[PDB]
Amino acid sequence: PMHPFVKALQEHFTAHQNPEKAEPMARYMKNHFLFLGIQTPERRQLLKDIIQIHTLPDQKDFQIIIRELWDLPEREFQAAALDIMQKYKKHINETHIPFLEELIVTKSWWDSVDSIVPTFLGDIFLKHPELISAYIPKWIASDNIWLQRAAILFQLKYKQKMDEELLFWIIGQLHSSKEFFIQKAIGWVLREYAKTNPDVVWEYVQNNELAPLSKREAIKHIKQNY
């Protein structure tokens, strides 16, 4: 934690770790990560304490801090890094897409990736429509399952802004994936979109090839209506 802010945060988090909570938190993530055992309320308070002391670092340092936290072993530091990224949301723009790509493909799991994609990337592509073709096809073809999940979920919260043709194209490109988290992402985005346009999702699921898992996930809340 070269940067003083990251050092303080690490010291403060470590001083407040809870071994009894570490185990179940770690199991939730299929043991891919060590945990300190600090849940979100306390994790955010501990971040608040440090901000109260140091003040939020200048925007020129924000990528440095986030990377340094990403390199720390315990998962809470990546969670804290995302809390921090949210506080800098107004300074995050299209020039940061490569930075966000690195975050997605490093220490990858659903918890970090879902926290990056629908909000930060979703907003970026809304403001910069021309960049969709520069990133989405590349992510789909990358064979990195987390970039693939990113391509599927960037429109997750769009509601009526959903580009249906694009969504169905992206899903079509990944419908044969044998990856659990891709099949789940397809199910999720379809299920979420069905809150807005259930008819189109129902017809899509009935008439197109998807894993049974994705079909089950997609229709779990609307099947009682058909």
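The first residue of the sequence shown is number 1, and the count goes up from there. If you superpose the two forms and keep the largest set of C-alpha atoms that fall within 1.5 Å, you have the rigid core.
Which of the two stretches, 42-50 versus 23-31, has its Cα atoms farther on average from this form in 4 other deposited structures of this protein when everything is superposed by the rigid core?
With the rigid core superposed, the C-alphas that lie farther in 4 other deposited structures of this protein are those of 23-31.
125-133 versus 77-85: which one's CA atoms end up farther from this form in 4 other deposited structures of this protein after a core fit?
Looking at 125-133 and 77-85 in 4 other deposited structures of this protein, the bigger mover is 125-133.
Comparing 215-223 with 1-9, where is the mean C-alpha B-factor higher?
Per the PDB record, 1-9.
Comparing average C-alpha B factors as deposited, tell me which of 176-184 and 37-45 sits higher.
Stretch with the higher mean C-alpha B-factor: 37-45.
Highest Cα B-factor in the deposition, which of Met162, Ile170, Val189, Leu56?
In the PDB entry, the greatest C-alpha B-factor among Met162, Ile170, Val189, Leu56 is found at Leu56.
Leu72: which third of its chain by C-alpha temperature factor?
According to the entry, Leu72 has a C-alpha B-factor in the chain's highest third.
Please rank the C-alpha B-factors of the chain's modelled residues and tell me whether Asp114 sits in the lowest, middle or highest third.
Middle third of the chain for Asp114's C-alpha B-factor.
When the modelled residues of the chain are sorted by Cα temperature factor, does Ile65 land in the lowest, middle or highest third?
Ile65: CA B-factor falls in the highest third of its chain.
Sorting the chain's modelled residues by C-alpha B-factor, tell me whether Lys89 ends up in the lowest, middle or highest third.
It belongs to the highest third of the chain when residues are ordered by C-alpha B-factor.
Consider only the C-alpha atoms of the modelled residues in this chain, order them by B-factor as the entry records it, and name the third containing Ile51: lowest, middle or highest.
Its C-alpha B-factor, which the entry lists for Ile51, ranks in the highest third among residues of this chain.
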